[PDB]
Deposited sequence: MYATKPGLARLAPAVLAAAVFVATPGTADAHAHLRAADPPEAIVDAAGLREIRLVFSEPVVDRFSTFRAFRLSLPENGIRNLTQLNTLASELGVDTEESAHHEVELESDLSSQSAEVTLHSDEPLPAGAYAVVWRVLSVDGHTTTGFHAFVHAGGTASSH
């Protein structure tokens, strides 16, 4: 069904100066009305995180059905035909990010997943 094949920003730590959008690419197209994307800026532990496994651990805590959580959600206007670009008006501030989805293909199958990254600031 609808798996993620590529993401921008990549699953890496990056200098994404004022990142105003996140771009996702799926294996086949994805039905708009029925599919929901949410993005969370991660609140990292006191001790911090030592690697990407731990960031991916920290993101898998989240999900589309998630009400109370440690992390701060971000307002994204979505634009869906297999590439999705989540938009924010405001440029995103520095942070470890998670994007999370429930996504309907045209065969009626649902697929959930996440894509996490670290935006480490920088300037225009």
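Residues of the deposited sequence lacking C-alpha coordinates fall in the stretches 1 to 30, 111 to 113, 158 to 160, numbered from 1.
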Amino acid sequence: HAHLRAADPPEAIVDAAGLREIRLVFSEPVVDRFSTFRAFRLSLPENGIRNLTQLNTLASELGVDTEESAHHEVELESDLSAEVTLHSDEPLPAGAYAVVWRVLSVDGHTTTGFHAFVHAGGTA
From here on, numbers count along this sequence of modelled residues.
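Between the stretches 82 to 90 and 95 to 103, it is 82 to 90 that shows the larger average CA temperature factor. Averaged over Cα atoms, the B-factor as recorded in the entry is higher for 61 to 69 than for the other of 61 to 69 and 27 to 35. In the deposited entry, the Cα temperature factor of residue 119 places it in the lowest third of its chain's modelled residues. In the PDB entry, residue 10 places in the lowest third of its chain by CA B-factor.
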